[PDB]
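To keep things clear, I will list the structure first and then write my remarks on it.
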Amino acid sequence: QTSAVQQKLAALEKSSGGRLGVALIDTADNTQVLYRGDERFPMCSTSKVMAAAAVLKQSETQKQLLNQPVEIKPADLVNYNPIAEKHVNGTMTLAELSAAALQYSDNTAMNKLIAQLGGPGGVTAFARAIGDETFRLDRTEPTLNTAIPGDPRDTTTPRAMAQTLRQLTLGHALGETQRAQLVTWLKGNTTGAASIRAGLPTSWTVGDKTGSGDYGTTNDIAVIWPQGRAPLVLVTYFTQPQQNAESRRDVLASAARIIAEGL
Ligand SMILES: *C(=O)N1C[C@H](NOS(=O)(=O)O)CC[C@H]1C(N)=O
């Protein structure tokens with residue numbers, strides 16, 4: 001019941017001063033490694049994968065949805081808007097908003113995705129439609145990042161997020177073109193090199209989405225293509241007891257290294 005990898009993650013967690021959640025799926029054999037795999041964690045920016053995937057699903061039944069313009073007004077800007085601020089009083093397409101949300105983690109872009117789905121509950125509804133009974137999105141940006149201990153809003157579990165990420169990127173939750181677009185976007189992420197990627201050999205290819213929030217919450221969810229192996233799906237969630245705790249991306253890298261060394 002407690003594997004060697006689980007014992008190592010427990011030792012990492014003990015030295016980290018926070019709470020660590022890990023779910024690995026190895027698609028070479030569909031085996032799973034779970035650490036606090038059924039405990040809820042605040043998703044923060046990693047929830048953007050579900051919102052972008054839901055808009056990709058919408059695009060399966062709409063000619064050129066991704067080219068549809070969305071107006072960006074000054075009042076739409078929130079706390080972190082590296083792409084959207086360039087387009088205030090103009091428009092961005094849903095493809096541009098999806099890329100900005102995933103690759104630059106633009107929070108104004110994420111709010112446009114949420115609105116395109118009918119609000120946070122529309123993102124949750126998409127999760128349910130692809131078999132994820134755990135994910136819940138409750139708020140918009142930026143308050144979905146409050147990451148308060150014990151608060152179920154805007155949370156999921158590592159087990160559920162790993163299974164969902166596998167279905168979206170490697171399975172058939174999306175159509176073929178849409179799945180390929182999602183993987184292309186994730187592989188072009190700009191924010192991930194200090195997190196899961198840092199713990200892996202340079203030769204392994206990664207597409208990922210990071211997140212962070214209050215309580216020193218530090219997250220990453222990744223699809224990994226190891227050299228000479230079938231892909232892996234890896235979720236590393238981390239959160240700490242005090243609201244102003246510092247980020248700990250090194251803990252995510254350490255967890256990824258333990259997983260890689262255990263394969
Ligand atoms: C998402 O977690 N956020 C938006 C942006 N994400 O960048 S990260 O993925 O590199 O952390 C800034 C942090 C965070 C937020 N609190 O809005």
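In the structure tokens, chains take letters A, B, ... by order of appearance, with residues numbered from 1 within each chain and ligands from 1 in the order shown.
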
Once you count only C-alpha atoms and all ligand atoms, which residues end up within 10 Å of ligand 1, and could you hand them over as a PyMOL selection string? chain A and resi 42-48+78-82+101-108+110+141-147+189-195+208-214+216-220+247+249

Could you pull out the helix (DSSP H, G or I) residues of stretch 2-212 of chain A, going by DSSP on the backbone, and write them as a JSON list (two decimals) with N, CA and C atoms, in the first residue's frame?
[["chain", "number", "residue", "atom", "x", "y", "z"],
["A", 4, "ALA", "N", 7.69, 2.53, -2.70],
["A", 4, "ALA", "CA", 8.94, 3.26, -2.49],
["A", 4, "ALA", "C", 8.82, 4.69, -2.99],
["A", 5, "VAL", "N", 8.15, 4.89, -4.13],
["A", 5, "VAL", "CA", 7.95, 6.24, -4.65],
["A", 5, "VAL", "C", 7.08, 7.05, -3.70],
["A", 6, "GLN", "N", 6.02, 6.43, -3.16],
["A", 6, "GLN", "CA", 5.17, 7.14, -2.21],
["A", 6, "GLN", "C", 5.94, 7.52, -0.95],
["A", 7, "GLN", "N", 6.83, 6.64, -0.48],
["A", 7, "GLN", "CA", 7.64, 6.97, 0.69],
["A", 7, "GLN", "C", 8.56, 8.15, 0.41],
["A", 8, "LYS", "N", 9.13, 8.20, -0.80],
["A", 8, "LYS", "CA", 9.99, 9.32, -1.17],
["A", 8, "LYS", "C", 9.20, 10.62, -1.28],
["A", 9, "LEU", "N", 8.00, 10.57, -1.85],
["A", 9, "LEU", "CA", 7.19, 11.79, -1.91],
["A", 9, "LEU", "C", 6.79, 12.23, -0.51],
["A", 10, "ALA", "N", 6.56, 11.28, 0.39],
["A", 10, "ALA", "CA", 6.23, 11.65, 1.76],
["A", 10, "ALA", "C", 7.41, 12.35, 2.43],
["A", 11, "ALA", "N", 8.64, 11.89, 2.15],
["A", 11, "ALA", "CA", 9.82, 12.53, 2.73],
["A", 11, "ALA", "C", 10.02, 13.93, 2.15],
["A", 12, "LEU", "N", 9.78, 14.09, 0.85],
["A", 12, "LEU", "CA", 9.80, 15.41, 0.24],
["A", 12, "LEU", "C", 8.78, 16.32, 0.89],
["A", 13, "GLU", "N", 7.56, 15.83, 1.05],
["A", 13, "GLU", "CA", 6.52, 16.65, 1.66],
["A", 13, "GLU", "C", 6.91, 17.06, 3.07],
["A", 14, "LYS", "N", 7.45, 16.12, 3.85],
["A", 14, "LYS", "CA", 7.82, 16.44, 5.23],
["A", 14, "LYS", "C", 8.83, 17.58, 5.28],
["A", 15, "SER", "N", 9.81, 17.58, 4.37],
["A", 15, "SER", "CA", 10.81, 18.64, 4.35],
["A", 15, "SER", "C", 10.33, 19.92, 3.70],
["A", 16, "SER", "N", 9.17, 19.89, 3.05],
["A", 16, "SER", "CA", 8.70, 21.04, 2.28],
["A", 16, "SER", "C", 7.92, 22.04, 3.13],
["A", 44, "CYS", "N", -5.97, 26.93, -9.22],
["A", 44, "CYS", "CA", -5.43, 28.21, -9.73],
["A", 44, "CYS", "C", -5.38, 28.14, -11.26],
["A", 45, "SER", "N", -4.28, 28.56, -11.89],
["A", 45, "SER", "CA", -4.23, 28.68, -13.34],
["A", 45, "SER", "C", -4.32, 27.34, -14.06],
["A", 46, "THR", "N", -4.13, 26.20, -13.36],
["A", 46, "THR", "CA", -4.23, 24.94, -14.09],
["A", 46, "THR", "C", -5.66, 24.66, -14.55],
["A", 47, "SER", "N", -6.65, 25.36, -13.98],
["A", 47, "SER", "CA", -8.03, 25.22, -14.44],
["A", 47, "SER", "C", -8.21, 25.71, -15.87],
["A", 48, "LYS", "N", -7.25, 26.49, -16.38],
["A", 48, "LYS", "CA", -7.36, 27.02, -17.74],
["A", 48, "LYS", "C", -7.36, 25.92, -18.79],
["A", 49, "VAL", "N", -6.78, 24.77, -18.48],
["A", 49, "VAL", "CA", -6.80, 23.67, -19.44],
["A", 49, "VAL", "C", -8.23, 23.21, -19.68],
["A", 50, "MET", "N", -9.03, 23.11, -18.61],
["A", 50, "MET", "CA", -10.41, 22.67, -18.79],
["A", 50, "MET", "C", -11.20, 23.69, -19.60],
["A", 51, "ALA", "N", -10.97, 24.99, -19.37],
["A", 51, "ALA", "CA", -11.73, 26.00, -20.10],
["A", 51, "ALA", "C", -11.35, 26.02, -21.57],
["A", 52, "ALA", "N", -10.06, 25.92, -21.88],
["A", 52, "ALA", "CA", -9.66, 25.90, -23.29],
["A", 52, "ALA", "C", -10.18, 24.65, -23.99],
["A", 53, "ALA", "N", -10.12, 23.50, -23.30],
["A", 53, "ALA", "CA", -10.64, 22.26, -23.88],
["A", 53, "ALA", "C", -12.14, 22.36, -24.15],
["A", 54, "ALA", "N", -12.87, 23.04, -23.27],
["A", 54, "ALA", "CA", -14.32, 23.14, -23.45],
["A", 54, "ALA", "C", -14.66, 23.98, -24.68],
["A", 55, "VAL", "N", -13.87, 25.03, -24.94],
["A", 55, "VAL", "CA", -14.06, 25.85, -26.14],
["A", 55, "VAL", "C", -13.63, 25.08, -27.38],
["A", 56, "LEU", "N", -12.57, 24.27, -27.27],
["A", 56, "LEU", "CA", -12.24, 23.40, -28.40],
["A", 56, "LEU", "C", -13.39, 22.45, -28.71],
["A", 57, "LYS", "N", -14.04, 21.90, -27.68],
["A", 57, "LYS", "CA", -15.17, 21.01, -27.92],
["A", 57, "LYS", "C", -16.31, 21.77, -28.61],
["A", 58, "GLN", "N", -16.61, 22.98, -28.15],
["A", 58, "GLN", "CA", -17.59, 23.81, -28.86],
["A", 58, "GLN", "C", -17.23, 23.99, -30.33],
["A", 59, "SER", "N", -15.93, 24.11, -30.64],
["A", 59, "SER", "CA", -15.53, 24.35, -32.02],
["A", 59, "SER", "C", -15.75, 23.14, -32.91],
["A", 65, "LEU", "N", -15.39, 28.76, -35.12],
["A", 65, "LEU", "CA", -15.55, 29.37, -33.80],
["A", 65, "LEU", "C", -14.26, 30.02, -33.33],
["A", 66, "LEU", "N", -13.13, 29.40, -33.62],
["A", 66, "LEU", "CA", -11.89, 29.92, -33.04],
["A", 66, "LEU", "C", -11.47, 31.23, -33.68],
["A", 67, "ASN", "N", -12.09, 31.62, -34.79],
["A", 67, "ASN", "CA", -11.78, 32.89, -35.43],
["A", 67, "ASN", "C", -12.76, 33.97, -35.02],
["A", 74, "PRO", "N", -11.22, 48.11, -21.43],
["A", 74, "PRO", "CA", -10.36, 48.45, -20.28],
["A", 74, "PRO", "C", -10.85, 47.83, -18.99],
["A", 75, "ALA", "N", -12.17, 47.83, -18.77],
["A", 75, "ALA", "CA", -12.72, 47.28, -17.55],
["A", 75, "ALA", "C", -12.54, 45.77, -17.43],
["A", 76, "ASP", "N", -12.19, 45.07, -18.52],
["A", 76, "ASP", "CA", -12.03, 43.62, -18.46],
["A", 76, "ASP", "C", -10.72, 43.19, -17.83],
["A", 84, "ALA", "N", -3.74, 40.38, -23.17],
["A", 84, "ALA", "CA", -4.99, 41.12, -23.35],
["A", 84, "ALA", "C", -4.79, 42.62, -23.24],
["A", 85, "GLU", "N", -3.83, 43.08, -22.42],
["A", 85, "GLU", "CA", -3.66, 44.53, -22.26],
["A", 85, "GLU", "C", -3.26, 45.19, -23.57],
["A", 86, "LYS", "N", -2.63, 44.44, -24.47],
["A", 86, "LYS", "CA", -2.23, 44.93, -25.80],
["A", 86, "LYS", "C", -3.43, 45.16, -26.71],
["A", 87, "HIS", "N", -4.58, 44.58, -26.39],
["A", 87, "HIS", "CA", -5.73, 44.55, -27.28],
["A", 87, "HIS", "C", -6.94, 45.25, -26.71],
["A", 94, "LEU", "N", -11.14, 33.72, -30.27],
["A", 94, "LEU", "CA", -11.13, 32.67, -29.26],
["A", 94, "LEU", "C", -9.87, 31.80, -29.35],
["A", 95, "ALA", "N", -9.28, 31.65, -30.55],
["A", 95, "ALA", "CA", -8.00, 30.95, -30.63],
["A", 95, "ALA", "C", -6.89, 31.75, -29.94],
["A", 96, "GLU", "N", -6.85, 33.06, -30.19],
["A", 96, "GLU", "CA", -5.88, 33.94, -29.53],
["A", 96, "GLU", "C", -6.07, 33.92, -28.02],
["A", 97, "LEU", "N", -7.34, 33.93, -27.57],
["A", 97, "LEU", "CA", -7.60, 33.92, -26.13],
["A", 97, "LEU", "C", -7.17, 32.59, -25.52],
["A", 98, "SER", "N", -7.43, 31.49, -26.23],
["A", 98, "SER", "CA", -7.01, 30.18, -25.73],
["A", 98, "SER", "C", -5.50, 30.10, -25.61],
["A", 99, "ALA", "N", -4.78, 30.55, -26.65],
["A", 99, "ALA", "CA", -3.32, 30.53, -26.62],
["A", 99, "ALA", "C", -2.79, 31.43, -25.52],
["A", 100, "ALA", "N", -3.40, 32.61, -25.34],
["A", 100, "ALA", "CA", -2.94, 33.53, -24.30],
["A", 100, "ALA", "C", -3.16, 32.93, -22.91],
["A", 101, "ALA", "N", -4.31, 32.28, -22.70],
["A", 101, "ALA", "CA", -4.61, 31.67, -21.42],
["A", 101, "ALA", "C", -3.65, 30.53, -21.10],
["A", 102, "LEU", "N", -3.39, 29.66, -22.08],
["A", 102, "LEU", "CA", -2.57, 28.48, -21.81],
["A", 102, "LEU", "C", -1.08, 28.79, -21.79],
["A", 103, "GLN", "N", -0.59, 29.56, -22.76],
["A", 103, "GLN", "CA", 0.85, 29.69, -22.94],
["A", 103, "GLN", "C", 1.45, 30.85, -22.17],
["A", 107, "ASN", "N", -4.98, 36.04, -17.39],
["A", 107, "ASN", "CA", -6.21, 35.85, -16.63],
["A", 107, "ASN", "C", -7.41, 36.54, -17.27],
["A", 108, "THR", "N", -7.18, 37.64, -18.01],
["A", 108, "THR", "CA", -8.29, 38.23, -18.75],
["A", 108, "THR", "C", -8.74, 37.29, -19.85],
["A", 109, "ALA", "N", -7.78, 36.64, -20.53],
["A", 109, "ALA", "CA", -8.15, 35.67, -21.56],
["A", 109, "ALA", "C", -8.95, 34.51, -20.95],
["A", 110, "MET", "N", -8.54, 34.02, -19.77],
["A", 110, "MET", "CA", -9.29, 32.93, -19.13],
["A", 110, "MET", "C", -10.74, 33.41, -18.86],
["A", 111, "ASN", "N", -10.92, 34.66, -18.42],
["A", 111, "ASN", "CA", -12.29, 35.13, -18.16],
["A", 111, "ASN", "C", -13.12, 35.17, -19.43],
["A", 112, "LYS", "N", -12.51, 35.44, -20.58],
["A", 112, "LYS", "CA", -13.27, 35.38, -21.83],
["A", 112, "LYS", "C", -13.66, 33.94, -22.17],
["A", 113, "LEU", "N", -12.77, 32.98, -21.91],
["A", 113, "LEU", "CA", -13.13, 31.58, -22.11],
["A", 113, "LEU", "C", -14.29, 31.19, -21.20],
["A", 114, "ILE", "N", -14.22, 31.57, -19.92],
["A", 114, "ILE", "CA", -15.30, 31.24, -18.99],
["A", 114, "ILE", "C", -16.61, 31.82, -19.48],
["A", 115, "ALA", "N", -16.60, 33.07, -19.93],
["A", 115, "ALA", "CA", -17.85, 33.69, -20.38],
["A", 115, "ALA", "C", -18.39, 33.01, -21.62],
["A", 116, "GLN", "N", -17.50, 32.57, -22.52],
["A", 116, "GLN", "CA", -17.91, 31.86, -23.72],
["A", 116, "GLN", "C", -18.60, 30.54, -23.39],
["A", 120, "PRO", "N", -18.55, 30.05, -14.77],
["A", 120, "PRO", "CA", -17.78, 28.93, -14.21],
["A", 120, "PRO", "C", -18.52, 27.60, -14.23],
["A", 121, "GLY", "N", -19.82, 27.60, -13.96],
["A", 121, "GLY", "CA", -20.58, 26.36, -14.01],
["A", 121, "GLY", "C", -20.59, 25.70, -15.38],
["A", 122, "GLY", "N", -20.42, 26.49, -16.44],
["A", 122, "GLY", "CA", -20.32, 25.92, -17.77],
["A", 122, "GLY", "C", -19.02, 25.17, -17.99],
["A", 123, "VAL", "N", -17.94, 25.62, -17.35],
["A", 123, "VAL", "CA", -16.70, 24.85, -17.38],
["A", 123, "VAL", "C", -16.87, 23.55, -16.60],
["A", 124, "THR", "N", -17.48, 23.62, -15.42],
["A", 124, "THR", "CA", -17.78, 22.42, -14.63],
["A", 124, "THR", "C", -18.64, 21.45, -15.42],
["A", 125, "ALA", "N", -19.63, 21.97, -16.14],
["A", 125, "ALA", "CA", -20.51, 21.11, -16.93],
["A", 125, "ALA", "C", -19.73, 20.36, -18.00],
["A", 126, "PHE", "N", -18.77, 21.03, -18.65],
["A", 126, "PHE", "CA", -17.94, 20.32, -19.62],
["A", 126, "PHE", "C", -17.16, 19.20, -18.96],
["A", 127, "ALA", "N", -16.57, 19.46, -17.78],
["A", 127, "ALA", "CA", -15.87, 18.43, -17.04],
["A", 127, "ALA", "C", -16.77, 17.22, -16.80],
["A", 128, "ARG", "N", -18.01, 17.47, -16.38],
["A", 128, "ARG", "CA", -18.93, 16.35, -16.17],
["A", 128, "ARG", "C", -19.18, 15.59, -17.46],
["A", 129, "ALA", "N", -19.31, 16.30, -18.58],
["A", 129, "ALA", "CA", -19.60, 15.63, -19.84],
["A", 129, "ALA", "C", -18.46, 14.73, -20.31],
["A", 143, "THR", "N", -10.42, 35.85, -8.43],
["A", 143, "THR", "CA", -10.69, 35.28, -7.10],
["A", 143, "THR", "C", -10.65, 33.76, -7.09],
["A", 144, "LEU", "N", -10.67, 33.09, -8.24],
["A", 144, "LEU", "CA", -10.50, 31.64, -8.19],
["A", 144, "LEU", "C", -9.13, 31.22, -7.67],
["A", 145, "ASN", "N", -8.20, 32.16, -7.41],
["A", 145, "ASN", "CA", -6.87, 31.82, -6.93],
["A", 145, "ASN", "C", -6.70, 32.04, -5.42],
["A", 158, "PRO", "N", -5.80, 15.31, -7.46],
["A", 158, "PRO", "CA", -4.79, 14.88, -8.43],
["A", 158, "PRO", "C", -5.25, 13.71, -9.29],
["A", 159, "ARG", "N", -5.90, 12.69, -8.70],
["A", 159, "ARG", "CA", -6.37, 11.56, -9.50],
["A", 159, "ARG", "C", -7.30, 12.02, -10.61],
["A", 160, "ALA", "N", -8.26, 12.88, -10.27],
["A", 160, "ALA", "CA", -9.23, 13.30, -11.27],
["A", 160, "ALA", "C", -8.60, 14.16, -12.35],
["A", 161, "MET", "N", -7.67, 15.04, -11.99],
["A", 161, "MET", "CA", -7.08, 15.91, -13.01],
["A", 161, "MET", "C", -6.16, 15.13, -13.94],
["A", 162, "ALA", "N", -5.47, 14.11, -13.42],
["A", 162, "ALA", "CA", -4.61, 13.32, -14.29],
["A", 162, "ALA", "C", -5.44, 12.52, -15.28],
["A", 163, "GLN", "N", -6.54, 11.92, -14.82],
["A", 163, "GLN", "CA", -7.38, 11.17, -15.75],
["A", 163, "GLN", "C", -7.98, 12.08, -16.80],
["A", 164, "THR", "N", -8.47, 13.25, -16.39],
["A", 164, "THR", "CA", -9.02, 14.20, -17.35],
["A", 164, "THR", "C", -7.96, 14.67, -18.34],
["A", 165, "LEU", "N", -6.77, 15.03, -17.86],
["A", 165, "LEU", "CA", -5.75, 15.50, -18.79],
["A", 165, "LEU", "C", -5.37, 14.41, -19.78],
["A", 166, "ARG", "N", -5.36, 13.15, -19.34],
["A", 166, "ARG", "CA", -5.08, 12.05, -20.26],
["A", 166, "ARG", "C", -6.18, 11.95, -21.33],
["A", 167, "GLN", "N", -7.45, 12.00, -20.91],
["A", 167, "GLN", "CA", -8.53, 11.88, -21.88],
["A", 167, "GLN", "C", -8.50, 13.02, -22.89],
["A", 168, "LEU", "N", -8.12, 14.23, -22.45],
["A", 168, "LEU", "CA", -8.14, 15.39, -23.34],
["A", 168, "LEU", "C", -6.98, 15.36, -24.34],
["A", 169, "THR", "N", -5.79, 14.96, -23.90],
["A", 169, "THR", "CA", -4.60, 15.10, -24.75],
["A", 169, "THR", "C", -4.21, 13.82, -25.47],
["A", 176, "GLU", "N", -10.02, 14.78, -33.20],
["A", 176, "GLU", "CA", -8.59, 14.64, -33.50],
["A", 176, "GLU", "C", -7.91, 15.99, -33.69],
["A", 177, "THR", "N", -8.52, 16.88, -34.49],
["A", 177, "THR", "CA", -7.89, 18.17, -34.74],
["A", 177, "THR", "C", -7.79, 18.98, -33.45],
["A", 178, "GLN", "N", -8.83, 18.91, -32.61],
["A", 178, "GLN", "CA", -8.86, 19.69, -31.38],
["A", 178, "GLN", "C", -7.85, 19.16, -30.36],
["A", 179, "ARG", "N", -7.74, 17.84, -30.24],
["A", 179, "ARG", "CA", -6.74, 17.25, -29.35],
["A", 179, "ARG", "C", -5.34, 17.68, -29.78],
["A", 180, "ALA", "N", -5.07, 17.67, -31.09],
["A", 180, "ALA", "CA", -3.76, 18.09, -31.58],
["A", 180, "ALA", "C", -3.49, 19.56, -31.28],
["A", 181, "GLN", "N", -4.51, 20.41, -31.43],
["A", 181, "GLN", "CA", -4.35, 21.83, -31.11],
["A", 181, "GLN", "C", -4.05, 22.03, -29.62],
["A", 182, "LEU", "N", -4.74, 21.29, -28.75],
["A", 182, "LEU", "CA", -4.49, 21.42, -27.32],
["A", 182, "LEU", "C", -3.06, 21.02, -26.98],
["A", 183, "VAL", "N", -2.58, 19.94, -27.58],
["A", 183, "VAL", "CA", -1.23, 19.47, -27.28],
["A", 183, "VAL", "C", -0.21, 20.46, -27.82],
["A", 184, "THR", "N", -0.45, 20.99, -29.02],
["A", 184, "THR", "CA", 0.41, 22.03, -29.56],
["A", 184, "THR", "C", 0.48, 23.24, -28.63],
["A", 185, "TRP", "N", -0.68, 23.69, -28.12],
["A", 185, "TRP", "CA", -0.66, 24.82, -27.20],
["A", 185, "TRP", "C", 0.13, 24.50, -25.94],
["A", 186, "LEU", "N", -0.12, 23.33, -25.33],
["A", 186, "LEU", "CA", 0.58, 22.98, -24.09],
["A", 186, "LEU", "C", 2.08, 22.89, -24.29],
["A", 187, "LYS", "N", 2.52, 22.33, -25.43],
["A", 187, "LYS", "CA", 3.96, 22.22, -25.67],
["A", 187, "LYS", "C", 4.61, 23.58, -25.86],
["A", 196, "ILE", "N", 7.52, 20.93, -13.20],
["A", 196, "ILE", "CA", 7.72, 19.51, -13.51],
["A", 196, "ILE", "C", 8.92, 19.31, -14.45],
["A", 197, "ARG", "N", 9.03, 20.13, -15.49],
["A", 197, "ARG", "CA", 10.12, 20.04, -16.46],
["A", 197, "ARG", "C", 11.51, 20.05, -15.80],
["A", 198, "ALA", "N", 11.69, 20.85, -14.75],
["A", 198, "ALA", "CA", 13.01, 20.96, -14.13],
["A", 198, "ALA", "C", 13.47, 19.65, -13.51],
["A", 199, "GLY", "N", 12.55, 18.76, -13.16],
["A", 199, "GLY", "CA", 12.94, 17.51, -12.57],
["A", 199, "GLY", "C", 13.14, 16.38, -13.55]]

Which one of A:174, A:221, A:130, A:255 sits closest to residue A:200 if you count only C-alpha atoms?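 Of the candidates, the smallest distance to residue A:200 is held by A:255.
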
re atom CA of residue A:215 and atom CA of residue A:261: distance 29.1 Å

DSSP-assigned strand (DSSP E or B) members of stretch 21-212 of chain A, reported as a PyMOL selection string: chain A and resi 21-26+31-35+41-42+69-72+90-93+155-156+205-212

If you keep N, CA and C atoms, can you produce a file of those selected residues as a CSV table (one decimal), in the first residue's frame?
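Output (result-v4.csv):
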chain,number,residue,atom,x,y,z
A,21,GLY,N,0.4,16.9,-3.5
A,21,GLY,CA,-0.5,16.0,-4.1
A,21,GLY,C,0.0,15.6,-5.5
A,22,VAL,N,0.1,14.3,-5.8
A,22,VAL,CA,0.7,13.8,-7.0
A,22,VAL,C,-0.2,12.7,-7.6
A,23,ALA,N,-0.4,12.8,-8.9
A,23,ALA,CA,-1.0,11.7,-9.6
A,23,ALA,C,-0.2,11.5,-10.9
A,24,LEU,N,0.4,10.3,-11.1
A,24,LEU,CA,1.0,9.9,-12.3
A,24,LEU,C,0.2,8.8,-13.0
A,25,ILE,N,0.0,9.0,-14.3
A,25,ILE,CA,-0.5,7.9,-15.2
A,25,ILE,C,0.6,7.6,-16.2
A,26,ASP,N,1.0,6.3,-16.2
A,26,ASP,CA,2.0,5.8,-17.2
A,26,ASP,C,1.2,5.1,-18.3
A,31,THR,N,-0.7,2.2,-15.5
A,31,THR,CA,-0.5,2.1,-14.0
A,31,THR,C,-0.5,3.6,-13.5
A,32,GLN,N,-0.9,3.7,-12.2
A,32,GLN,CA,-1.0,5.0,-11.5
A,32,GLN,C,-0.1,5.0,-10.3
A,33,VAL,N,0.5,6.1,-10.0
A,33,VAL,CA,1.1,6.4,-8.7
A,33,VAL,C,0.3,7.6,-8.1
A,34,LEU,N,-0.2,7.4,-6.9
A,34,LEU,CA,-1.0,8.5,-6.3
A,34,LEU,C,-0.4,8.9,-5.0
A,35,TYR,N,-0.3,10.2,-4.7
A,35,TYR,CA,0.1,10.6,-3.3
A,35,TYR,C,-0.9,11.7,-3.0
A,41,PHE,N,-7.3,20.0,-3.9
A,41,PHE,CA,-6.3,21.1,-3.9
A,41,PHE,C,-6.9,22.2,-4.8
A,42,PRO,N,-6.5,23.5,-4.5
A,42,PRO,CA,-6.9,24.6,-5.4
A,42,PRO,C,-6.2,24.5,-6.7
A,69,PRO,N,-14.3,37.0,-33.1
A,69,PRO,CA,-13.8,38.0,-32.3
A,69,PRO,C,-14.5,38.2,-31.0
A,70,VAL,N,-13.7,38.6,-29.9
A,70,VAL,CA,-14.2,38.9,-28.6
A,70,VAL,C,-13.7,40.2,-28.2
A,71,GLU,N,-14.6,41.2,-27.8
A,71,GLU,CA,-14.1,42.5,-27.5
A,71,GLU,C,-13.4,42.5,-26.2
A,72,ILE,N,-12.3,43.3,-26.1
A,72,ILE,CA,-11.5,43.5,-24.9
A,72,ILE,C,-11.7,44.9,-24.5
A,90,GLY,N,-10.0,46.7,-28.6
A,90,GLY,CA,-9.9,46.0,-29.8
A,90,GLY,C,-10.6,44.6,-29.6
A,91,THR,N,-10.2,43.6,-30.4
A,91,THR,CA,-10.7,42.3,-30.3
A,91,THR,C,-9.6,41.3,-30.3
A,92,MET,N,-9.9,40.1,-29.7
A,92,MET,CA,-9.0,38.9,-29.8
A,92,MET,C,-10.0,37.8,-30.2
A,93,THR,N,-9.5,36.8,-31.1
A,93,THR,CA,-10.3,35.7,-31.4
A,93,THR,C,-10.2,34.7,-30.3
A,155,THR,N,-11.5,23.7,-7.0
A,155,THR,CA,-10.6,22.6,-6.6
A,155,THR,C,-10.8,21.4,-7.5
A,156,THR,N,-9.9,20.5,-7.5
A,156,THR,CA,-10.0,19.1,-7.9
A,156,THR,C,-9.1,18.2,-7.2
A,205,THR,N,10.2,15.4,-23.7
A,205,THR,CA,9.3,16.5,-24.2
A,205,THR,C,8.2,16.7,-23.2
A,206,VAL,N,7.9,18.0,-22.9
A,206,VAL,CA,6.8,18.3,-22.0
A,206,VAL,C,5.9,19.3,-22.6
A,207,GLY,N,4.6,19.1,-22.4
A,207,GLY,CA,3.6,20.2,-22.5
A,207,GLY,C,2.9,20.3,-21.2
A,208,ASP,N,2.7,21.5,-20.6
A,208,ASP,CA,2.3,21.7,-19.3
A,208,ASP,C,1.5,23.0,-19.1
A,209,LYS,N,0.8,23.1,-17.9
A,209,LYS,CA,0.2,24.3,-17.5
A,209,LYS,C,0.4,24.5,-16.0
A,210,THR,N,1.1,25.6,-15.6
A,210,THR,CA,1.4,25.9,-14.3
A,210,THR,C,0.2,26.7,-13.6
A,211,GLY,N,0.3,26.8,-12.3
A,211,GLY,CA,-0.5,27.7,-11.6
A,211,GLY,C,0.1,28.1,-10.3
A,212,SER,N,-0.4,29.2,-9.7
A,212,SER,CA,0.0,29.6,-8.4
A,212,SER,C,-1.1,30.4,-7.8

Atom-to-atom span, atom CA of residue A:242 and atom CA of residue A:2, Å: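 These atoms are spaced 28.8 Å apart.
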
Which is closest to residue A:133 among A:88, A:157, A:229, A:202, if we use only C-alpha atoms?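 Looking only at the distances to residue A:133, the closest residue turns out to be A:157.
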
Residues within 7 Å of residue A:230, please, as a VMD selection string. Count only C-alpha atoms; anything in the same chain fewer than 5 positions from it doesn't count. chain A and resid 27 to 28 225

Enter the distance from atom CA of residue A:248 to atom CA of residue A:37, in Å, rounded to one decimal.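 Pair atom CA of residue A:248 / atom CA of residue A:37 returns 19.5 Å.
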